[PDB]
> 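Can you keep this structure in mind? I'll have questions shortly.
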Amino acid sequence: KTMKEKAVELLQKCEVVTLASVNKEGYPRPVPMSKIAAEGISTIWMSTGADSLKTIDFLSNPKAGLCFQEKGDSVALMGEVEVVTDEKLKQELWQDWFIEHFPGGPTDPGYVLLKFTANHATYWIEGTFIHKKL
Amino acid sequence: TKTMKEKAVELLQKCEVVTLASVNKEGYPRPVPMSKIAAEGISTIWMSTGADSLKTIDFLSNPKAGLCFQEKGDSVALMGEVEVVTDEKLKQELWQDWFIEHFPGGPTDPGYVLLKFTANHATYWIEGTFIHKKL
């Protein structure tokens, strides 16, 4: 019944999100991303190549946006990405099909985690628009 | 054989939704799903929005934009610029019935604005292959 409660319920139904970085040229870069894990709408985990355009963007500019949607309801968060290389986290969040993209396995240095931490939310849910700092 | 560009045009024709990013005044990129109202190849992509929308506010001060779309493991990510358009002729030509729910004044509604995205650069993920080209 709470807006954030509906937004959390919406994230739980979404397996993909769209992640945006800002490149050194100043352009925002939205890319579709598999959602590995999320805690509410506060923290969301993804993986990418250490040499990806995403990674190189985030190493210099942490500012980030992320949206998701299902059945005409949508949410866009703003926040920051931390590029995570921790050996224990890489192992913990490893998934089997990751081997396709990261042939070195869970200790592949070409494998990194992206941790997105939200600071704002814009909700387009069930006829209501709310734009709210978190 | 079709080039990455030609493949992307085909992909787009299948998508009725795209994700559009602006950069807000604080430097944060803001991706949002948008209905694709029309497109000319992948070169020009047309969307609609409110005259007072956050997207309109962002683009009025920073034209730099990003747009992506995806169908079935294949994705395309574009970089370019957005112009906010208020041209009466385009407003009426691009009007869709489902706009009534959003712009109660019709194709003449002062609250009704078009977003013209013009692409500069593409990043293709087609056939599990990544290619990053200037347009």
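Letters go in sequence order (proteins before strands), and every chain restarts at 1. Below, all heavy atoms of this structure are taken into account, side chains as well, without hydrogens, waters or symmetry copies.
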> With the side chain counted from C-beta on, respond yes when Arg30(B) and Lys55(B) share a heavy-atom pair under 4.5 Å apart, and no when they do not.
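Heavy-atom side-chain distance check passes, below 4.5 Å.
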> Is the backbone N or O of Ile45(B) less than 3.5 Å from a side-chain atom of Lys36(B), with the two atoms forming a donor-acceptor pair by type?
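Side chain of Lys36(B) to backbone of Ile45(B), a donor-acceptor pair under 3.5 Å: no, none is there.
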> Which of the residues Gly80(B), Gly66(B), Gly27(B), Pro29(B) is involved in the greatest number of heavy-atom pairs with chain A at under 4.5 angstrom?
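Result: the option with the highest number of such pairs is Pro29(B).
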> Does the side chain of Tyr123(A) come under 3.5 Å of the side chain of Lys132(A) through a donor N or O and an acceptor N or O?
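Checked: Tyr123(A)/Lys132(A) side chains show no N/O donor-acceptor pair below 3.5 Å.
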> Side chain, backbone, both or neither: which part of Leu53(A) has a heavy atom under 4.5 Å from chain B?
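Contact with chain B is through the side chain of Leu53(A) alone.
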> Can you check whether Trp94(A) reaches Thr107(A) side chain to side chain, under 4.5 Å on heavy atoms?
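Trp94(A) vs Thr107(A): side chains apart.
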> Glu40(B) and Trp46(B): side-chain donor and acceptor closer than 3.5 Å?
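Yes, a side-chain donor-acceptor pair sits under 3.5 Å.
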> Is chain B contacted by the side chain of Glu100(A), its backbone, both, or neither, given a heavy-atom distance below 4.5 Å?
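Contact with chain B is absent: no heavy atom of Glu100(A) under 4.5 Å.
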> Flag the pair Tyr112(B) / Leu94(B) as yes when at least one side-chain heavy-atom distance between them is below 4.5 Å, and no otherwise.
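A side-chain contact exists here, since the closest heavy-atom pair is under 4.5 Å.
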> Check each atom of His131(A) against the heavy atoms of chain B and say whether the ones under 4.5 Å are side chain, backbone, both or neither.
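Side chain only.
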> With a 4.5 angstrom heavy-atom cut-off, which part of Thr123(B) approaches chain A: side chain, backbone, both or neither?
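When you check distances to chain A, only side chain atoms of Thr123(B) fall under 4.5 Å.
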> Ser75(B) versus chain A, heavy atoms under 4.5 Å apart: side chain, backbone, both or neither?
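The side chain, not the backbone.
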> Select, from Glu80(A), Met78(A), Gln69(A), the one with the greatest count of heavy-atom pairs under 4.5 Å involving chain B.
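Option with the greatest count: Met78(A).
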> Of all of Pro62(A), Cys67(A), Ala76(A), which one pairs up most often with chain B through heavy atoms under 4.5 Å apart?
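That would be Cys67(A).
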